[PDB]
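So the structure is just underneath, and the comments pick up after that.
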Ligand SMILES: [Zn+2]
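In the deposited numbering, the protein residues as written are 1 to 46.
Here it is in C-alpha cells:
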C-alpha cells in the first residue's frame, strides 16, 4: 500500500529555482519574476 513515498510532490505548483510552493497557478508564473531566468528580451511594457 501507500507507505513509502519520496514526497514526489506536495503541491501542483513548485518553483524550479527556489523550490517554493503556491496555492494558485498564476502565483507561480508571477513569482518566477524574482528570478532572472534564461530568456531573451521581450516587448517592454509602457
Ligand atoms: Zn522561486
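Even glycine gets a Cβ: it sits at the ideal position worked out from N, Cα and C.
Could you check where the alpha helix (DSSP H) with residue 29 kicks off and where it finishes?
26-31
Are the Cβ atoms of residue 21 and residue 10 separated by less than 9 Å?
yes
Quickly, what does DSSP pair residue 14 with across the bridge? List them, please.
Per DSSP, 21.
Using C-beta distances below 8 Å, list every residue in its chain close to residue 32, excluding the 5 sequence neighbours before and after it, in chain order.
15, 17
When the distance is taken between beta carbons, is residue 13 closer than 9 Å to residue 6?
no
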